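> Before we start, here is the structure in question, set down as structure tokens.
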Amino acid sequence: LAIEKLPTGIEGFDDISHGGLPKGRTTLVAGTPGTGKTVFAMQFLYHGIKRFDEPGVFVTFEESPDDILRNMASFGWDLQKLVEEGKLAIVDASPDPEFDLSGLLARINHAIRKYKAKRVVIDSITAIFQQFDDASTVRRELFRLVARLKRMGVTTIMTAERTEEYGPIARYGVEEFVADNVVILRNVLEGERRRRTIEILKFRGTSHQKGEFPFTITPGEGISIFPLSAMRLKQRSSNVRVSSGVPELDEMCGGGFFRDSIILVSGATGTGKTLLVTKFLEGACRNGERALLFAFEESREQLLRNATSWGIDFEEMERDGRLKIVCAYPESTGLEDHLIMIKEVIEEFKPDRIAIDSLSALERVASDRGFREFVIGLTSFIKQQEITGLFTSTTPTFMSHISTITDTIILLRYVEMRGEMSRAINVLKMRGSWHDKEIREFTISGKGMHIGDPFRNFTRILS
Amino acid sequence: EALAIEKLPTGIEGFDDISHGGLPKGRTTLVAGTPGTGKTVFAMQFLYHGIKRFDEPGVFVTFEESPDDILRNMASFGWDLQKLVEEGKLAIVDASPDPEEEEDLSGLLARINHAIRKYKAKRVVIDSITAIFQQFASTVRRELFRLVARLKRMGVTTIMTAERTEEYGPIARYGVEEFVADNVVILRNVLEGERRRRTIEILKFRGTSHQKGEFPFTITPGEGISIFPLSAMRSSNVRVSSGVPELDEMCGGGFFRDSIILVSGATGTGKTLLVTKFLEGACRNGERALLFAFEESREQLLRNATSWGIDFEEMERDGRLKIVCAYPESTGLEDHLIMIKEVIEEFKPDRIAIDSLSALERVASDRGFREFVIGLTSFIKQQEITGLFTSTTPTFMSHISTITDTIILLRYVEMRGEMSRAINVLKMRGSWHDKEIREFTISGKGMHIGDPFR
Amino acid sequence: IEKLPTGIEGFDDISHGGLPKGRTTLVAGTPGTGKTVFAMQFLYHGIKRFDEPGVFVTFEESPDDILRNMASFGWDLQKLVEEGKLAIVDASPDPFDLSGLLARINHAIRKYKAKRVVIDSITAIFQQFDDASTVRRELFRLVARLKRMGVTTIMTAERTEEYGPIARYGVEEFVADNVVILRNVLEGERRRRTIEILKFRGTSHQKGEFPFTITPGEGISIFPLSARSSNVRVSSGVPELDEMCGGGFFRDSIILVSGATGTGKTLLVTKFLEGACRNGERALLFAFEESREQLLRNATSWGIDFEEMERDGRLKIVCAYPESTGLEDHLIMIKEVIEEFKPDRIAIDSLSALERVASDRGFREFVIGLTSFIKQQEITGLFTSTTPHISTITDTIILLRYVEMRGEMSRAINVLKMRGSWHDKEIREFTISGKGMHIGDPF
Amino acid sequence: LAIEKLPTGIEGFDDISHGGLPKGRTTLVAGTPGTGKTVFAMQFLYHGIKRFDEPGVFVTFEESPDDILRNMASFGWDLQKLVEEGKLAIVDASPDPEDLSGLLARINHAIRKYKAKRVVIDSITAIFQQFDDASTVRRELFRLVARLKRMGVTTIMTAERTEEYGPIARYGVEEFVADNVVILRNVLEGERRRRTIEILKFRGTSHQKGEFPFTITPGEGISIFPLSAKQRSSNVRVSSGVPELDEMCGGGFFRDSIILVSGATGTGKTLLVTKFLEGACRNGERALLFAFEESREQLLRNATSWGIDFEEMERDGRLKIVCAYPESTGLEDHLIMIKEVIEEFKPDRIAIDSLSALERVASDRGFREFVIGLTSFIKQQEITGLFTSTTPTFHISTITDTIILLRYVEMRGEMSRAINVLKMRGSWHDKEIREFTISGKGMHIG
Ligand SMILES: Nc1ncnc2c1ncn2[C@@H]1O[C@H](COP(=O)(O)OP(=O)(O)O)[C@@H](O)[C@H]1O
Ligand SMILES: Nc1ncnc2c1ncn2[C@@H]1O[C@H](COP(=O)(O)OP(=O)(O)O)[C@@H](O)[C@H]1O
Ligand SMILES: Nc1ncnc2c1ncn2[C@@H]1O[C@H](COP(=O)(O)OP(=O)(O)O)[C@@H](O)[C@H]1O
Ligand SMILES: Nc1ncnc2c1ncn2[C@@H]1O[C@H](COP(=O)(O)OP(=O)(O)O)[C@@H](O)[C@H]1O
Ligand SMILES: Nc1ncnc2c1ncn2[C@@H]1O[C@H](COP(=O)(O)OP(=O)(O)O)[C@@H](O)[C@H]1O
Ligand SMILES: Nc1ncnc2c1ncn2[C@@H]1O[C@H](COP(=O)(O)OP(=O)(O)O)[C@@H](O)[C@H]1O
Ligand SMILES: Nc1ncnc2c1ncn2[C@@H]1O[C@H](COP(=O)(O)OP(=O)(O)O)[C@@H](O)[C@H]1O
Ligand SMILES: [Mg+2]
Ligand SMILES: [Mg+2]
Ligand SMILES: [Mg+2]
Ligand SMILES: [Mg+2]
Ligand SMILES: [Mg+2]
Ligand SMILES: [Mg+2]
Ligand SMILES: [Mg+2]
Ligand SMILES: [Mg+2]
């Protein structure tokens, strides 16, 4: 058989939930203040109408209907229309400053029938315990509401507050009663930085993905969940070769970089990583293909000034409309946030080539787990969209395991030689091509890079 | 008495090994756990297996989920539900206030005693004893205390489920670990770095022996609860080929058909090439080959294989090759096994290949991985299949090593102005092998393993 | 939701505009965070920046004290009291008034026609009462009528622990719309002031903690460092090095001199600051290792004269200790002195000293924040770093090394990295004397 | 000895307790549910009535006398017969679904009736639950110990705990049943439980301080292992299974010796293990193999290849191969097992392949404890012990008597292997690094 589920509209949740929220049942959304219990509730009712024309009811035991509307309107949600259309109904159960319980419970049951709603929200189920001191009576009344909503065949979602993030499901023993489905939101503080996370603890009779998943409440978008579990090892590959910007490196790769590829350029500082990047993006704009560049080290001025000395004209291509130097700081937001910005501008720009510089900048202010998840998540999409990607990783050991993902590993190192700090290049991997296995000496000028001959008496330096 | 505490088996996979036979018969057992630990599933499976295998009718007393819901919830598992209920095989007694606007032994004792008598049951489940408290204290404890005695006299192997607040803390809510102090089974679902892991444990069995500690399990759909007792886990001179003939000579004839081979090295060394040759060997002779990729897409695998001179679509069309392809983060290792064991059972392969294990190491803890490789190597051995595992050495510039029969090792080597490669068969049980580190060249023909280094 | 610029440096950045206008915000924090000060800044800046009358109420302190406590900041608050820009309703218990005190508060708002308002310690009320009926009176008019009156309110509240509940007496339950958390985290034997906006129901904000500091002549100075490289070369101080660095250092460049002790890193800072003062340019030396005494003779022995640089007002030695405070506290003094000095060049000797007195992030945060300020100010910045990762943050890198040759430790210099220029890629011998550095031939 | 102690008969307690339980006073045996309070308490009575002819009385406030008889059966004591013989008396103080003052009188009479020298009150903590008088209960409990003291009986008074490393016992029974306190623990560490026993205090007498390991074996019960393990050594030599290595050692290994075979992967450590074992079975001796890496199938293939039939040896009862996973149990539970098999097969030689496999599933602390325990046990039992360790090339060193070092080494243009005896306490040893080869006839050193 199959437990039926109702798509939420919060794309990503439907993947994690394997369809949606069990229909005709109550789902408990628990979270500490600031998580996103209210927003999550409207999207459930918003898409409910703006897709399946399923009427919904919002019972607010806290914030005023007027404020609710104002708060939610910034997400581009015209709910005042749905109200006038008779799709949505906001029931004001918030007490006024200037039988109360049992009366409101029935005044709610009126709205569920009047609008004949299938997607109800009881916002702040905890706020009813912080209002009716007869909690014993409240609990008994809430148990009835759940059974009533069940008999009425409504897919309910009742929000609940928590005191601690990694502590109890919810307060006021609200874990029980509404205990068929339990979704937990969190906002954990770690390293003076916050991380919104969503978890589905239990689905009675249904299946779901198990664990926390990063989410974000984006303005003019809403709750955007991005499951790395959804990532499917089903990317496409081709034998079509692009250019690197350096014809010599293209010969060393046996024609050039494959279009459907991820290239790693490893090396110490001052080796010439942010050079092969410029040539990479330059090679695109030259052929008319659109390029990108997410800098996490140098400003546009510096990037352009560095590039102007090498013969690459950025401002031209930037204005011509074949380049988009994003440039930001790794410490500004978080990896989960950065990933969204990258993914956001990609679809907009529709780039032929992407280029991170560096990944090490990002790794610094993260975890070994967080960095992995980021790297694993970002590489996949690029390969899914068939966008050629170059990634820069510094070697703090001047003279992570991202190489497992990358198809091409280009190593740039320094080589001391008779009072002369020379430079060496080698292609370590090409995945699907013949590459030159030779450690060639190269030199940088205002002309670019000149990959020369091997060191012959090459002191075993590389690797 | 002179009655050694008999252990009635429950069928549920692993528990009967962990419980040294099964649940103590003629007694109650506490299946405690926080929300979503799989107590309801555990309880039903106990009953279900009862009525099917041992033909012992069972009664299910619910104090939360309505009978109709329970039937629908346990449906996807593929167990018969209404088929059994509509035959006096199973009985779901409801004690959850069906309505409200109402207000003991009236809604207990006899109701269950009747059910046991009516359906002639030998197994019973009391779902959520903790629910009684929320609904209806010292009186409730008395009734529940008498129920354990009544059920003992009636002679029924009972399971009494309860809830917990914390995973690593008090055994059960409302000190039910006193009313049903005798047999305790703990189910836990621990956070563990944003990655939930289910586990099962028998804290105590009064009068009998049991496997101590936490054992992992999974609540799969078409199956139910499956516990993996890595503890419980407990013959050929036929030499098979590798794909590379000179590597076979390095092994002294080839690989044994009943063996696990490890291939370790950094990226770009040529582990995937050896995999494509390993499988090609099977497809050539007319054997079957299964590949589990966790790193490269089905396309890229084929592309890079075609460049080496190895058509897989030919073999995949022949039905001698199958490629899985799945990111490790898709599910957990506990579920990954279940799937691997499924396609092996179905495809009935000769050679297997997991490329790579190192990709699966990132979606688990050390303990979780070690338990995984033990389970996979065991299954592969039990199914009489040659196996090749691959691992990336964090050596760009163990456990499997101890389990694997052959350890092949790939490495980069600088040759003065050139970056070369080298193969070495570090170990091979029950054969002479070439103990030298040797240069090899990758080409559009394959792997030309050549002269040794010094 | 509209926002009203607070006027607090850095908050309007993190708050993405300001505080939800016409809505109350909760400034929760433990004693000694800066709740009382933050509240005054709001009412203050507003009045001055845009005549928006405000009423401060105090259930704890008394106005005569409050005025004097905020006098150092340089806010003529008496004038506001007379002209009727600011008010101070003393609801502090006299060494009842459930409706009385609040009714008095409502009147003042109507009288002065206040747009801003502050309730200093909404917690105190609970302590300075009897029944928790205060909850009603707080979720009453206090908030509701404030919304009806259309005033942006700040309800200050106390907390017990830094990383615990949002408030003491479940004050959040009432003021549950917008919340701001101030903290004094301690950790180590130093203390860290950080500000976080946990919730702006309806609007967005920069998520997480952000460093802030109460300076005696400014107040809360939140630093949201989360928020034009020229081609004019300057002399390094040593001519051979200038040639090695392709004519000299870019004015918009971060130079990193790296090496052991005895290599000659402080020789190259002395030369660096010297070149500025020579050509009438300001130079500020941040000393973490050495002292005004050690430096003076160290320079004199090399043949530089800070004596006349002190007379000319060209050189400026701060000279402090890394363990005086955390890294957050350090940058302030330099950030301030820079404005007072207008430094063409500036140096930090050393950074390894500061790196020892904090965690990786603390250093990282300092590194990034330090580079920016001067980078966004047009001034050449040299950095000394002892070698027992600003290698990727720095533009130019100089590597000094001891080389053991023939049982006679020699000295060697090399420019490893320089963005935008050709650098000399030879490892040159150098000598030290009473004149300075003598960069010679390579090995 | 100041105060008199009564031997409990439990294996190990009498050692750690320096005699037994202080006689004429009550002892508290506290622990979380499933620690083994009841079993411990019964073995106390059982050995009393049997070995020492001291009658015992069991007072149960939880489990039914009938159940106790059934639960305590597999251990193999005829408790039912001895209840009839007038030695044992299980007082049913268990509550009925539908006054402690009188209940105490019932227990008091039983002691005087049977002339009990030993008494067990099971779960005092229960009493506080069953009867919610609190103060009234505490008083009667204080009167119980007072009365029991006068009649000169040695009492065990059990109590439940919540947390393992938390309070001594619930309901502060500590205050009443002070004087002597024993704590049983069952700690989950790495998804693996650890049974421990500790004498926190003995007022008046000495005892071994700290936790000690124990187990509950189905056919024996509580078996405590005083890790504090008084020996015998001689110039009696024994074979290694390889004649050249015997000559390298100086006429074979010493008998009572711990040998270590360290080396890289594929050197030949398991080979030496297989020969070491054969060296016993081929020279009329018994061998134990604790395999923590290879399965049976793998151990056989290696043996059959090198020309050794372990099956015959096992059929003739000369060899025992355990085969275990390091992750199955904890290392403390692993030793207990090893000791258990030794005290059954009574092996002349013992081999563990390998210690490095055990190190994976244990902390440095735990590994040391294991290595120390195993070494000390083999030497007190006077058995010849070999151990293998995987070393980088592809602390037992200090404790071991012999160190054989296998290594990869190039020579005449060939990557070959070599052996080197590094240590031999009480003998010359060839201090030369000799190359060797492996074949179907085992090792060949040359
Ligand atoms: N219009 C908006 N634009 C951006 N972020 C918003 C918007 N509205 C709310 N948020 C974010 O959502 C968070 C939680 O909002 P809400 O769901 O109302 O709170 P809670 O989950 O505590 O009930 C806020 O802290 C804020 O960061
Ligand atoms: N029919 C089903 N199909 C798949 N997974 C199921 C099914 N029923 C339950 N589960 C899984 O089992 C988990 C817990 O099951 P359940 O026994 O209801 O929990 P508990 O006993 O803790 O209340 C659910 O969160 C879900 O992941
Ligand atoms: N005009 C130039 N002439 C010669 N070399 C230059 C020139 N501009 C830059 N370089 C070289 O480029 C190096 C910096 O390369 P870049 O890719 O920016 O460094 P990174 O390896 O940190 O990414 C400098 O150290 C210098 O050797
Ligand atoms: N057609 C080809 N001709 C020559 N060399 C190739 C060809 N295809 C791949 N190679 C080389 O062989 C290597 C084998 O890569 P692969 O086996 O996928 O590495 P790994 O198993 O370590 O992930 C490639 O990285 C590349 O250097
Ligand atoms: N006039 C001042 N000059 C300098 N620092 C001040 C001044 N007033 C307050 N501070 C700083 O702020 C702290 C008190 O801040 P305040 O807002 O009064 O405390 P609270 O947040 O507990 O109400 C002092 O300990 C000091 O660090
Ligand atoms: N007859 C038996 N056979 C085997 N093991 C037993 C037997 N009786 C008890 N045990 C062991 O003792 C444990 C329970 O010990 P018990 O005496 O009940 O302790 P407590 O009273 O502190 O709960 C069981 O879980 C099991 O490990
Ligand atoms: N029949 C055989 N003939 C020759 N050499 C063999 C034979 N069987 C095994 N070997 C070699 O001996 C090795 C045995 O190593 P082993 O005893 O398992 O030690 P380790 O534990 O260090 O791997 C094998 O790896 C292989 O190189
Ligand atoms: Mg809400
Ligand atoms: Mg760079
Ligand atoms: Mg349940
Ligand atoms: Mg591979
Ligand atoms: Mg204050
Ligand atoms: Mg110095
Ligand atoms: Mg007991
Ligand atoms: Mg071995």
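Identifiers in the structure tokens: chain A, B, ... in order shown; residue index from 1 per chain; ligand index from 1 in order shown.
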Show which residues sit within 7 Å of residue 424 in chain B, as a ChimeraX atom specification. Count only C-alpha atoms, and ignore same-chain residues fewer than 5 positions away.

/B:408-410,435-438

> Would you write out those residues with N, CA, C and O atoms, as a compact mmCIF listing (two decimals), in the first residue's frame?


# COMPACT_ATOMS: atom_id res chain seq x y z
N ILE B 408 46.62 -5.04 -3.65
CA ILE B 408 47.32 -4.40 -4.75
C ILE B 408 47.46 -2.92 -4.40
O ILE B 408 46.54 -2.34 -3.83
N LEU B 409 48.61 -2.32 -4.73
CA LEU B 409 48.90 -0.96 -4.31
C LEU B 409 49.47 -0.17 -5.48
O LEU B 409 50.42 -0.62 -6.13
N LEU B 410 48.87 0.99 -5.75
CA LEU B 410 49.30 1.88 -6.82
C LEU B 410 49.93 3.12 -6.20
O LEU B 410 49.47 3.59 -5.16
N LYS B 435 57.04 -9.34 -5.51
CA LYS B 435 57.12 -8.44 -4.37
C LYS B 435 57.77 -7.11 -4.77
O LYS B 435 58.12 -6.32 -3.90
N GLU B 436 57.91 -6.86 -6.08
CA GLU B 436 58.60 -5.68 -6.56
C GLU B 436 57.61 -4.57 -6.89
O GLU B 436 56.45 -4.84 -7.22
N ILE B 437 58.08 -3.32 -6.78
CA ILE B 437 57.35 -2.15 -7.21
C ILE B 437 57.73 -1.88 -8.66
O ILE B 437 58.91 -1.69 -8.96
N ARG B 438 56.73 -1.84 -9.55
CA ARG B 438 57.01 -1.85 -10.98
C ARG B 438 56.29 -0.71 -11.68
O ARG B 438 55.17 -0.36 -11.32

> Quick one: residues within 7 Å of range 52-64 of chain A, only C-alpha atoms counted, chain neighbours fewer than 6 positions away excluded, as a short mmCIF file (atom, residue, chain, number, x, y, z; two decimals) with N, CA, C and O atoms, in the first residue's frame?


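The result, stored in out36.cif:
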data_model
loop_
_atom_site.label_atom_id
_atom_site.label_comp_id
_atom_site.auth_asym_id
_atom_site.auth_seq_id
_atom_site.Cartn_x
_atom_site.Cartn_y
_atom_site.Cartn_z
N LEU A 45 0.46 26.35 3.07
CA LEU A 45 -0.88 26.81 2.72
C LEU A 45 -0.85 27.63 1.43
O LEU A 45 -1.85 27.67 0.71
N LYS A 87 -9.85 31.36 -0.28
CA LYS A 87 -8.97 30.21 -0.24
C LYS A 87 -8.32 30.11 1.14
O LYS A 87 -8.24 29.02 1.71
N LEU A 88 -7.87 31.25 1.66
CA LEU A 88 -7.20 31.31 2.95
C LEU A 88 -8.09 32.06 3.96
O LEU A 88 -8.87 32.93 3.57
N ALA A 89 -7.94 31.70 5.24
CA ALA A 89 -8.64 32.37 6.32
C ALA A 89 -7.73 32.44 7.55
O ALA A 89 -7.31 31.40 8.06
N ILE A 90 -7.42 33.66 8.00
CA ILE A 90 -6.60 33.87 9.18
C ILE A 90 -7.53 34.08 10.37
O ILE A 90 -8.23 35.08 10.44
N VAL A 91 -7.51 33.12 11.31
CA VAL A 91 -8.31 33.20 12.52
C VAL A 91 -7.46 33.81 13.62
O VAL A 91 -6.42 33.26 13.98
N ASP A 92 -7.91 34.95 14.16
CA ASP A 92 -7.17 35.66 15.20
C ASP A 92 -7.53 35.08 16.56
O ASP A 92 -8.56 35.43 17.14
N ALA A 93 -6.68 34.18 17.06
CA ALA A 93 -6.86 33.56 18.36
C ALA A 93 -5.94 34.21 19.39
O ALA A 93 -5.88 33.75 20.53
N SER A 94 -5.23 35.27 18.99
CA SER A 94 -4.39 36.02 19.91
C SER A 94 -5.27 36.78 20.90
O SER A 94 -6.17 37.50 20.49
N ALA A 111 -14.30 27.59 10.97
CA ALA A 111 -13.49 28.05 9.86
C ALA A 111 -13.05 26.88 8.98
O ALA A 111 -12.93 27.04 7.76
N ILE A 112 -12.83 25.71 9.59
CA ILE A 112 -12.38 24.53 8.88
C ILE A 112 -13.49 24.05 7.95
O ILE A 112 -13.22 23.49 6.89
N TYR A 115 -14.67 27.27 5.13
CA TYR A 115 -13.77 27.32 3.99
C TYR A 115 -13.52 25.92 3.44
O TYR A 115 -12.95 25.78 2.36
N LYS A 116 -13.95 24.89 4.18
CA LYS A 116 -13.83 23.50 3.75
C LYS A 116 -12.36 23.20 3.46
O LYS A 116 -12.02 22.66 2.41
N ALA A 117 -11.49 23.55 4.42
CA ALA A 117 -10.06 23.58 4.22
C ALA A 117 -9.47 22.17 4.37
O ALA A 117 -10.00 21.35 5.11
N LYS A 118 -8.37 21.93 3.65
CA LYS A 118 -7.64 20.67 3.72
C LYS A 118 -6.25 20.88 4.32
O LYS A 118 -5.59 19.90 4.67
N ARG A 119 -5.82 22.14 4.45
CA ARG A 119 -4.48 22.46 4.93
C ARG A 119 -4.58 23.53 6.01
O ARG A 119 -4.52 24.72 5.72
N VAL A 120 -4.72 23.09 7.27
CA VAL A 120 -4.90 23.99 8.40
C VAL A 120 -3.57 24.17 9.12
O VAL A 120 -2.71 23.29 9.08
N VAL A 121 -3.40 25.33 9.76
CA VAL A 121 -2.25 25.61 10.61
C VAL A 121 -2.75 26.12 11.96
O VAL A 121 -3.58 27.03 12.02
N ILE A 122 -2.22 25.53 13.04
CA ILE A 122 -2.47 26.00 14.39
C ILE A 122 -1.17 26.61 14.91
O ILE A 122 -0.41 25.96 15.62
N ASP A 123 -0.92 27.87 14.53
CA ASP A 123 0.33 28.55 14.84
C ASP A 123 0.42 28.79 16.34
O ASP A 123 -0.51 29.32 16.95
N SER A 124 1.57 28.40 16.93
CA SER A 124 1.82 28.51 18.35
C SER A 124 0.84 27.63 19.13
O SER A 124 -0.11 28.13 19.73
N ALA A 127 1.63 28.40 22.71
CA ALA A 127 1.13 29.67 23.21
C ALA A 127 -0.25 29.51 23.84
O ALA A 127 -0.72 30.44 24.50
N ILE A 128 -0.89 28.36 23.64
CA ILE A 128 -2.20 28.10 24.23
C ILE A 128 -2.01 27.62 25.67
O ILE A 128 -2.87 27.87 26.52
#

> Residues contacting ligand 1 - anything with an atom at most 9 Å away, using only C-alpha atoms and all ligand atoms - can you give me those as a PyMOL selection string?

(chain A and resi 30-41+63+68+70-76+123-124+159-161+185+216-223) or (chain C and resi 1+176-179+197-207)

> With C-alpha atoms retained, could you export that selection as a PDB file, in the first residue's frame?


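Saved as result.pdb:
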ATOM      1  CA  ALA A  30       9.077  22.315  16.536  1.00  0.00           C
ATOM      2  CA  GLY A  31      11.838  24.926  16.798  1.00  0.00           C
ATOM      3  CA  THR A  32      13.445  27.626  18.952  1.00  0.00           C
ATOM      4  CA  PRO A  33      12.386  31.270  18.245  1.00  0.00           C
ATOM      5  CA  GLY A  34      13.831  32.538  14.951  1.00  0.00           C
ATOM      6  CA  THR A  35      13.884  29.133  13.211  1.00  0.00           C
ATOM      7  CA  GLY A  36      11.063  29.544  10.677  1.00  0.00           C
ATOM      8  CA  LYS A  37       7.933  27.779  11.947  1.00  0.00           C
ATOM      9  CA  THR A  38       5.559  30.550  10.837  1.00  0.00           C
ATOM     10  CA  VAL A  39       7.077  30.919   7.350  1.00  0.00           C
ATOM     11  CA  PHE A  40       7.120  27.136   6.820  1.00  0.00           C
ATOM     12  CA  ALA A  41       3.404  27.090   7.696  1.00  0.00           C
ATOM     13  CA  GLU A  63       0.966  37.487  15.956  1.00  0.00           C
ATOM     14  CA  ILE A  68       1.267  38.158   9.555  1.00  0.00           C
ATOM     15  CA  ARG A  70       2.872  42.345   6.317  1.00  0.00           C
ATOM     16  CA  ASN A  71       5.592  39.898   7.398  1.00  0.00           C
ATOM     17  CA  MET A  72       4.833  37.373   4.649  1.00  0.00           C
ATOM     18  CA  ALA A  73       4.198  39.892   1.845  1.00  0.00           C
ATOM     19  CA  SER A  74       7.947  40.472   1.381  1.00  0.00           C
ATOM     20  CA  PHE A  75       8.255  36.860   0.153  1.00  0.00           C
ATOM     21  CA  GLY A  76       6.055  37.858  -2.815  1.00  0.00           C
ATOM     22  CA  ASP A 123       0.329  28.546  14.839  1.00  0.00           C
ATOM     23  CA  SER A 124       1.818  28.512  18.353  1.00  0.00           C
ATOM     24  CA  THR A 159       3.844  24.934  15.289  1.00  0.00           C
ATOM     25  CA  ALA A 160       5.614  24.462  18.635  1.00  0.00           C
ATOM     26  CA  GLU A 161       8.430  26.272  20.460  1.00  0.00           C
ATOM     27  CA  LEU A 185      13.802  23.121  12.835  1.00  0.00           C
ATOM     28  CA  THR A 216      17.705  29.052   4.536  1.00  0.00           C
ATOM     29  CA  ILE A 217      14.881  31.601   4.701  1.00  0.00           C
ATOM     30  CA  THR A 218      15.656  33.668   1.598  1.00  0.00           C
ATOM     31  CA  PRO A 219      13.691  36.942   1.067  1.00  0.00           C
ATOM     32  CA  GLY A 220      11.669  36.917  -2.158  1.00  0.00           C
ATOM     33  CA  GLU A 221      11.931  33.117  -2.172  1.00  0.00           C
ATOM     34  CA  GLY A 222      11.125  31.725   1.290  1.00  0.00           C
ATOM     35  CA  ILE A 223      12.409  28.548   2.957  1.00  0.00           C
TER      36      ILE A 223
ATOM     37  CA  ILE C   1       8.333  46.079   7.468  1.00  0.00           C
ATOM     38  CA  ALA C 176       8.461  37.958  20.785  1.00  0.00           C
ATOM     39  CA  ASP C 177       8.599  39.942  17.528  1.00  0.00           C
ATOM     40  CA  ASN C 178      12.158  41.297  17.316  1.00  0.00           C
ATOM     41  CA  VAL C 179      15.055  40.235  19.563  1.00  0.00           C
ATOM     42  CA  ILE C 197      20.064  39.658  15.904  1.00  0.00           C
ATOM     43  CA  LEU C 198      18.228  36.356  16.358  1.00  0.00           C
ATOM     44  CA  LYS C 199      14.874  37.419  14.902  1.00  0.00           C
ATOM     45  CA  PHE C 200      13.396  40.282  12.866  1.00  0.00           C
ATOM     46  CA  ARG C 201       9.902  38.880  12.277  1.00  0.00           C
ATOM     47  CA  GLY C 202       8.976  40.180   8.808  1.00  0.00           C
ATOM     48  CA  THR C 203      12.405  41.435   7.668  1.00  0.00           C
ATOM     49  CA  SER C 204      15.905  40.040   7.087  1.00  0.00           C
ATOM     50  CA  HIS C 205      19.149  40.615   9.002  1.00  0.00           C
ATOM     51  CA  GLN C 206      22.773  39.460   9.139  1.00  0.00           C
ATOM     52  CA  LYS C 207      22.605  36.186  11.075  1.00  0.00           C
TER      53      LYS C 207
END

> Write as a list in words the residues around ligand 3, taking 7 Å as the cut-off and counting only C-alpha atoms and all ligand atoms.

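After applying the 7 Å limit, what remains is residues 267, 268, 269, 270, 271, 272, 273, 274, 275, 276, 306, 309, 310, 444, 445 and 446 of chain A; 392, 416, 417, 418, 419, 420, 421, 422 and 423 of chain C.
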
> Among range 66-285 of chain A, which residues carry a DSSP assignment of strand (DSSP E or B), reported as a ChimeraX atom specification?

/A:88-92,119-123,156-161,181-189,194-203,212-218,222-225,241,258,262-267

> Using only C-alpha atoms, determine which residues lie at most 10 Å from residue 173 in chain A, disregarding the query and same-chain residues fewer than 6 positions distant; provide the list as number ranges by chain.

A: 126, 139; B: 134

> Save the residues we just selected, C-alpha atoms, as a JSON list (two decimals), in the first residue's frame?


[["chain", "number", "residue", "atom", "x", "y", "z"],
["A", 126, "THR", "CA", 2.59, 26.15, 22.87],
["A", 139, "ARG", "CA", -4.13, 19.03, 26.76],
["B", 134, "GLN", "CA", -1.02, 11.20, 29.91]]

> At what distance in Å, to one decimal, does CA of residue 10 in chain C lie from atom 25 (O, counted along the ligand's line) of ligand 5?

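Going from atom 25 (O, counted along the ligand's line) of ligand 5 over to CA of residue 10 in chain C, I get 20.5 Å.
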